[PDB]
>>> print(open('target-v4.cif').read())   # mmCIF, N, CA and C atoms; chains and numbers go by the auth columns
data_input
#
loop_
_atom_site.group_PDB
_atom_site.id
_atom_site.type_symbol
_atom_site.label_atom_id
_atom_site.label_comp_id
_atom_site.label_asym_id
_atom_site.label_seq_id
_atom_site.Cartn_x
_atom_site.Cartn_y
_atom_site.Cartn_z
_atom_site.B_iso_or_equiv
_atom_site.auth_seq_id
_atom_site.auth_asym_id
ATOM 1 N N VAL A 1 -0.213 0.099 9.905 0.00 1 A
ATOM 2 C CA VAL A 1 1.083 0.621 9.485 0.00 1 A
ATOM 3 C C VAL A 1 0.919 1.837 8.580 0.00 1 A
ATOM 4 N N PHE A 2 0.074 1.700 7.563 0.00 2 A
ATOM 5 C CA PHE A 2 -0.173 2.788 6.624 0.00 2 A
ATOM 6 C C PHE A 2 -0.661 4.036 7.353 0.00 2 A
ATOM 7 N N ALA A 3 -1.555 3.839 8.317 0.00 3 A
ATOM 8 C CA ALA A 3 -2.100 4.947 9.091 0.00 3 A
ATOM 9 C C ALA A 3 -0.988 5.764 9.740 0.00 3 A
ATOM 10 N N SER A 4 -0.029 5.073 10.347 0.00 4 A
ATOM 11 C CA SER A 4 1.087 5.734 11.010 0.00 4 A
ATOM 12 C C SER A 4 1.950 6.486 10.001 0.00 4 A
ATOM 13 N N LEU A 5 2.197 5.856 8.858 0.00 5 A
ATOM 14 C CA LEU A 5 3.007 6.464 7.808 0.00 5 A
ATOM 15 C C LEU A 5 2.233 7.565 7.091 0.00 5 A
ATOM 16 N N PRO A 6 2.967 8.453 6.404 0.00 6 A
ATOM 17 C CA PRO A 6 2.370 9.567 5.660 0.00 6 A
ATOM 18 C C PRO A 6 1.606 9.096 4.426 0.00 6 A
ATOM 19 N N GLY A 7 1.862 7.858 4.014 0.00 7 A
ATOM 20 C CA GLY A 7 1.189 7.310 2.850 0.00 7 A
ATOM 21 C C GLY A 7 -0.318 7.445 2.936 0.00 7 A
ATOM 22 N N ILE A 8 -1.002 7.133 1.840 0.00 8 A
ATOM 23 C CA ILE A 8 -2.456 7.222 1.795 0.00 8 A
ATOM 24 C C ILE A 8 -3.093 6.364 2.883 0.00 8 A
ATOM 25 N N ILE A 9 -4.225 6.823 3.405 0.00 9 A
ATOM 26 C CA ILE A 9 -4.934 6.095 4.449 0.00 9 A
ATOM 27 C C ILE A 9 -6.027 5.209 3.858 0.00 9 A
ATOM 28 N N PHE A 10 -5.872 4.859 2.586 0.00 10 A
ATOM 29 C CA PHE A 10 -6.845 4.014 1.902 0.00 10 A
ATOM 30 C C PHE A 10 -6.985 2.668 2.606 0.00 10 A
ATOM 31 N N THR A 11 -5.852 2.036 2.896 0.00 11 A
ATOM 32 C CA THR A 11 -5.848 0.742 3.566 0.00 11 A
ATOM 33 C C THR A 11 -6.619 0.801 4.880 0.00 11 A
ATOM 34 N N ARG A 12 -6.420 1.880 5.630 0.00 12 A
ATOM 35 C CA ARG A 12 -7.097 2.057 6.910 0.00 12 A
ATOM 36 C C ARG A 12 -8.612 1.992 6.736 0.00 12 A
ATOM 37 N N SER A 13 -9.114 2.670 5.710 0.00 13 A
ATOM 38 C CA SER A 13 -10.546 2.693 5.436 0.00 13 A
ATOM 39 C C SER A 13 -11.080 1.281 5.212 0.00 13 A
ATOM 40 N N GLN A 14 -10.306 0.470 4.497 0.00 14 A
ATOM 41 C CA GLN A 14 -10.700 -0.903 4.210 0.00 14 A
ATOM 42 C C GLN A 14 -10.773 -1.728 5.490 0.00 14 A
ATOM 43 N N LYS A 15 -9.817 -1.506 6.387 0.00 15 A
ATOM 44 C CA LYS A 15 -9.773 -2.227 7.653 0.00 15 A
ATOM 45 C C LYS A 15 -11.088 -2.078 8.411 0.00 15 A
ATOM 46 N N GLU A 16 -11.654 -0.876 8.373 0.00 16 A
ATOM 47 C CA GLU A 16 -12.913 -0.603 9.056 0.00 16 A
ATOM 48 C C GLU A 16 -14.102 -0.928 8.157 0.00 16 A
ATOM 49 N N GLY A 17 -13.879 -0.866 6.848 0.00 17 A
ATOM 50 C CA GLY A 17 -14.941 -1.154 5.900 0.00 17 A
ATOM 51 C C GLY A 17 -14.861 -0.287 4.659 0.00 17 A
ATOM 52 N N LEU A 18 -15.736 0.711 4.580 0.00 18 A
ATOM 53 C CA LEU A 18 -15.762 1.615 3.435 0.00 18 A
ATOM 54 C C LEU A 18 -15.432 3.041 3.861 0.00 18 A
#
>>> encode(input="target-v4.cif", output="structure tokens")
Amino acid sequence: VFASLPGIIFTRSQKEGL
């Protein structure tokens, strides 16, 4: 969800790892 939104992609990084 975060990835799609303009918000920070921090969460996305966690999903994959670091």
>>> select_by_dssp(input="target-v4.cif", residues="chain A", states="helix (DSSP H, G or I)", output="PDB file with N, CA and C atoms, in the frame of the given file")
ATOM      1  N   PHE A  10      -5.872   4.859   2.586  1.00  0.00           N
ATOM      2  CA  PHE A  10      -6.845   4.014   1.902  1.00  0.00           C
ATOM      3  C   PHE A  10      -6.985   2.668   2.606  1.00  0.00           C
ATOM      4  N   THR A  11      -5.852   2.036   2.896  1.00  0.00           N
ATOM      5  CA  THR A  11      -5.848   0.742   3.566  1.00  0.00           C
ATOM      6  C   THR A  11      -6.619   0.801   4.880  1.00  0.00           C
ATOM      7  N   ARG A  12      -6.420   1.880   5.630  1.00  0.00           N
ATOM      8  CA  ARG A  12      -7.097   2.057   6.910  1.00  0.00           C
ATOM      9  C   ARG A  12      -8.612   1.992   6.736  1.00  0.00           C
ATOM     10  N   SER A  13      -9.114   2.670   5.710  1.00  0.00           N
ATOM     11  CA  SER A  13     -10.546   2.693   5.436  1.00  0.00           C
ATOM     12  C   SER A  13     -11.080   1.281   5.212  1.00  0.00           C
ATOM     13  N   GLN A  14     -10.306   0.470   4.497  1.00  0.00           N
ATOM     14  CA  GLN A  14     -10.700  -0.903   4.210  1.00  0.00           C
ATOM     15  C   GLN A  14     -10.773  -1.728   5.490  1.00  0.00           C
ATOM     16  N   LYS A  15      -9.817  -1.506   6.387  1.00  0.00           N
ATOM     17  CA  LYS A  15      -9.773  -2.227   7.653  1.00  0.00           C
ATOM     18  C   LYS A  15     -11.088  -2.078   8.411  1.00  0.00           C
ATOM     19  N   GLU A  16     -11.654  -0.876   8.373  1.00  0.00           N
ATOM     20  CA  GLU A  16     -12.913  -0.603   9.056  1.00  0.00           C
ATOM     21  C   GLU A  16     -14.102  -0.928   8.157  1.00  0.00           C
TER      22      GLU A  16
END
>>> residues_around(input="target-v4.cif", residues="region 12-18 of chain A", least_positions_apart="2", cutoff="8 Å", atoms="all atoms listed in the file", output="PyMOL selection string")
chain A and resi 1-3+8-10
>>> write_last_selection(input="target-v4.cif", atoms="N, CA and C atoms", output="PDB file, in the coordinates of the input")
ATOM      1  N   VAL A   1      -0.213   0.099   9.905  1.00  0.00           N
ATOM      2  CA  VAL A   1       1.083   0.621   9.485  1.00  0.00           C
ATOM      3  C   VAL A   1       0.919   1.837   8.580  1.00  0.00           C
ATOM      4  N   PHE A   2       0.074   1.700   7.563  1.00  0.00           N
ATOM      5  CA  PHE A   2      -0.173   2.788   6.624  1.00  0.00           C
ATOM      6  C   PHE A   2      -0.661   4.036   7.353  1.00  0.00           C
ATOM      7  N   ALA A   3      -1.555   3.839   8.317  1.00  0.00           N
ATOM      8  CA  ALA A   3      -2.100   4.947   9.091  1.00  0.00           C
ATOM      9  C   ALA A   3      -0.988   5.764   9.740  1.00  0.00           C
ATOM     10  N   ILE A   8      -1.002   7.133   1.840  1.00  0.00           N
ATOM     11  CA  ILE A   8      -2.456   7.222   1.795  1.00  0.00           C
ATOM     12  C   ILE A   8      -3.093   6.364   2.883  1.00  0.00           C
ATOM     13  N   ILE A   9      -4.225   6.823   3.405  1.00  0.00           N
ATOM     14  CA  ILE A   9      -4.934   6.095   4.449  1.00  0.00           C
ATOM     15  C   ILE A   9      -6.027   5.209   3.858  1.00  0.00           C
ATOM     16  N   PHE A  10      -5.872   4.859   2.586  1.00  0.00           N
ATOM     17  CA  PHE A  10      -6.845   4.014   1.902  1.00  0.00           C
ATOM     18  C   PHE A  10      -6.985   2.668   2.606  1.00  0.00           C
TER      19      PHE A  10
END
>>> axis_aligned_box(input="target-v4.cif", around="region 4-18 of chain A", padding_each_side="3 Å", output="JSON")
{"center_x": -6.4, "center_y": 3.7, "center_z": 6.4, "size_x": 24.8, "size_y": 17.8, "size_z": 15.2}
>>> decode(input="target-v4.cif", residues="chain A", atoms="N, CA and C atoms", output="PDB file, in the first residue's frame")
ATOM      1  N   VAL A   1       0.825  -1.203   0.000  1.00  0.00           N
ATOM      2  CA  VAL A   1       0.000   0.000   0.000  1.00  0.00           C
ATOM      3  C   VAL A   1       0.862   1.257   0.000  1.00  0.00           C
ATOM      4  N   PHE A   2       1.828   1.305   0.912  1.00  0.00           N
ATOM      5  CA  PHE A   2       2.722   2.452   1.018  1.00  0.00           C
ATOM      6  C   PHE A   2       3.441   2.705  -0.304  1.00  0.00           C
ATOM      7  N   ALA A   3       3.891   1.630  -0.942  1.00  0.00           N
ATOM      8  CA  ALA A   3       4.593   1.734  -2.214  1.00  0.00           C
ATOM      9  C   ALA A   3       3.756   2.485  -3.244  1.00  0.00           C
ATOM     10  N   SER A   4       2.478   2.131  -3.334  1.00  0.00           N
ATOM     11  CA  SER A   4       1.574   2.769  -4.282  1.00  0.00           C
ATOM     12  C   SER A   4       1.379   4.243  -3.939  1.00  0.00           C
ATOM     13  N   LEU A   5       1.226   4.529  -2.652  1.00  0.00           N
ATOM     14  CA  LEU A   5       1.032   5.899  -2.190  1.00  0.00           C
ATOM     15  C   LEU A   5       2.336   6.687  -2.260  1.00  0.00           C
ATOM     16  N   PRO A   6       2.221   8.023  -2.254  1.00  0.00           N
ATOM     17  CA  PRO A   6       3.381   8.918  -2.314  1.00  0.00           C
ATOM     18  C   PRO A   6       4.204   8.886  -1.030  1.00  0.00           C
ATOM     19  N   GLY A   7       3.609   8.361   0.036  1.00  0.00           N
ATOM     20  CA  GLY A   7       4.303   8.280   1.308  1.00  0.00           C
ATOM     21  C   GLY A   7       5.659   7.615   1.187  1.00  0.00           C
ATOM     22  N   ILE A   8       6.436   7.659   2.265  1.00  0.00           N
ATOM     23  CA  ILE A   8       7.763   7.056   2.274  1.00  0.00           C
ATOM     24  C   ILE A   8       7.696   5.573   1.928  1.00  0.00           C
ATOM     25  N   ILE A   9       8.731   5.079   1.257  1.00  0.00           N
ATOM     26  CA  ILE A   9       8.790   3.676   0.869  1.00  0.00           C
ATOM     27  C   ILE A   9       9.567   2.854   1.893  1.00  0.00           C
ATOM     28  N   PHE A  10       9.639   3.362   3.118  1.00  0.00           N
ATOM     29  CA  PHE A  10      10.352   2.675   4.190  1.00  0.00           C
ATOM     30  C   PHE A  10       9.761   1.290   4.434  1.00  0.00           C
ATOM     31  N   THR A  11       8.439   1.229   4.559  1.00  0.00           N
ATOM     32  CA  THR A  11       7.751  -0.034   4.797  1.00  0.00           C
ATOM     33  C   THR A  11       8.098  -1.059   3.723  1.00  0.00           C
ATOM     34  N   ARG A  12       8.139  -0.611   2.473  1.00  0.00           N
ATOM     35  CA  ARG A  12       8.458  -1.491   1.355  1.00  0.00           C
ATOM     36  C   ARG A  12       9.814  -2.160   1.561  1.00  0.00           C
ATOM     37  N   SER A  13      10.798  -1.375   1.987  1.00  0.00           N
ATOM     38  CA  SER A  13      12.142  -1.891   2.219  1.00  0.00           C
ATOM     39  C   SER A  13      12.123  -3.012   3.253  1.00  0.00           C
ATOM     40  N   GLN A  14      11.319  -2.832   4.297  1.00  0.00           N
ATOM     41  CA  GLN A  14      11.210  -3.827   5.356  1.00  0.00           C
ATOM     42  C   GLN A  14      10.607  -5.123   4.825  1.00  0.00           C
ATOM     43  N   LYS A  15       9.609  -4.994   3.957  1.00  0.00           N
ATOM     44  CA  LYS A  15       8.947  -6.155   3.373  1.00  0.00           C
ATOM     45  C   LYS A  15       9.959  -7.078   2.701  1.00  0.00           C
ATOM     46  N   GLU A  16      10.935  -6.484   2.023  1.00  0.00           N
ATOM     47  CA  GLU A  16      11.965  -7.254   1.336  1.00  0.00           C
ATOM     48  C   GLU A  16      13.129  -7.563   2.273  1.00  0.00           C
ATOM     49  N   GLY A  17      13.311  -6.715   3.280  1.00  0.00           N
ATOM     50  CA  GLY A  17      14.390  -6.913   4.231  1.00  0.00           C
ATOM     51  C   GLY A  17      14.993  -5.605   4.705  1.00  0.00           C
ATOM     52  N   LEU A  18      16.172  -5.278   4.187  1.00  0.00           N
ATOM     53  CA  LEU A  18      16.856  -4.046   4.563  1.00  0.00           C
ATOM     54  C   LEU A  18      17.006  -3.118   3.362  1.00  0.00           C
TER      55      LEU A  18
END
